[PDB]
């Protein structure tokens, strides 16, 4: 038995429906009782920020129910300032017990068109991160089932508490799943995209850029999933599994790369095509303003029973034992939270 508190549709022939998702969300009474919104097929050009606990979105179909907006970090606001990476997100989750089911969320920033622009073109953006979905420090217990997340650089920003992604598609290029959250992915397709702007022999992207605090047990955990190339034009050995993001952070002694953001990405029972070469390093700025490199061997980067052509086993690709693998069950990663849909 499932009932909807509000319905969103493109048609006036439907009847008692909201025209925009933002209006339906805003109509929810203040509080924390479950509020469930059905979103009928259509492309909704909207940016959403969710601040109400226990809010749930259900699309008519993943293929047909789309929430989309185009915003890069370097896109300018009215006051002439940049949106920034966090500010670029199509959907921002800043509440507890959110779920989305059977819908697509896109950042439509046209990265390839941007890169094709002439270097002297003043409209050419340098800050090319364009987030589709952002779970903030305030977000905990966010559940995404049968969802597709679309972007290029920085598609999915997972911060804060626990998020669970199931039966999902996530596409991107550079650092397309990133942040310090506990994010568990199960039965997802992680799609590495073609880079027209990258020379043969150079890196096209990185699936993950975790910034997990060293004291946090779990970061990005990918299980029973598929790491796939968007097309046959995506070269062999063009994508890294992850690189360590140490975010620029304000400390008492200045603003610099966080030394304690020692990210975790663990792949378990996941297929990988041969676009995967292994792990990689990442640079930041230190407390003195010098370039500092953070290395994968110093980070929490592990695999367990990877398969497919990209699943090579070497000293540069650390493997979990059976006993270690048992620490990455849904129960252990998510703790007392069982993700449920209304």
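Residue numbers count along the first chain shown, from 1.
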- Task: For the higher mean C-alpha B factor in the entry, choose 81-89 or 102-110.
- Result: 81-89
- Message: Quick check on the record: does 5-13 or 20-28 carry the larger mean Cα temperature factor?
- Response: 5-13
- Query: Per the coordinate record, which of the options 202, 148, 264, 271 holds the highest CA temperature factor?
  - Reply: 202
- Message: Just to confirm, going by the entry's C-alpha B-factors, which of 122, 187, 238, 213 comes out highest?
- Response: 122
- Chain third (lowest, middle, highest) by recorded CA B-factor, residue given as residue 137: highest
- Task: Can you work out whether the C-alpha temperature factor of residue 183 puts it in the lowest, middle or highest third of the chain?
- Result: lowest
- Task: Give the position of residue 232 by CA B-factor within its chain, expressed as the lowest, middle or highest third.
- Result: highest
- Query: residue 75: which third of its chain by C-alpha temperature factor?
  - Reply: highest
- Message: How does the C-alpha B factor of residue 309 compare with the rest of the chain: lowest, middle or highest third?
- Response: middle
